[PDB]
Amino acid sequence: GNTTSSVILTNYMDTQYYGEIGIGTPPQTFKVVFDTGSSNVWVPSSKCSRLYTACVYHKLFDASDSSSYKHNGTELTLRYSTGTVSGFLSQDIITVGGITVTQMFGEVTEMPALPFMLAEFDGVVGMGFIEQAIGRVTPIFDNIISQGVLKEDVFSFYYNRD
């Protein structure tokens, strides 16, 4: 490859750094943390009841608004200290910087209010390895790697002060 993708971040109070990504056709846009400590893409679902606080005040992905979406439905779980996170697999087209990628990801249908209600961001994109990935779903950077469009199979972080 020859291209370099880059994504601007918002620094909320030296504790939360997040940037914009788009899912589907046309793109529905989300604020996410890029996590090297984790390996899955997770966003909130339109199936998340408004009775979940951690959802009501965040953005929700609606598959019913996307012409590119491809159903899977396999159920998947993650265990936090404060409770459990679950939802189901979906596939759609995700855009990060100038990069368009077909990707499997999670739609959350239930998550505890804490700490999730305190995020200014809507979800997470994991920058970790497949070994860690839940359901052994393929991580985003592996699919980016496979396209053959990056100058080098690296990525870097800059975080400002406040």
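In this text, residue numbers run from 1 along the sequence as written.
The stretch with the higher mean CA B factor, choosing between 48 to 56 and 61 to 69, is 48 to 56. In this entry, the higher average B-factor at the C-alpha atoms falls on 72 to 80, of the pair 72 to 80 and 87 to 95. Taking the PDB entry at face value, the top CA B factor among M117, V43, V33, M127 belongs to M117.
Sorting the modelled residues of the chain by their CA temperature factor places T15 in the lowest third. Among the modelled residues of its chain, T100 has a C-alpha B-factor that falls in the highest third, as given in the PDB entry. In the PDB entry, a CA B factor belonging to the lowest third of its chain's modelled residues is recorded for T29.
In the PDB entry, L150 places in the highest third of its chain by CA B-factor. For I140, the recorded CA temperature factor ranks within the middle third of the chain's modelled residues.
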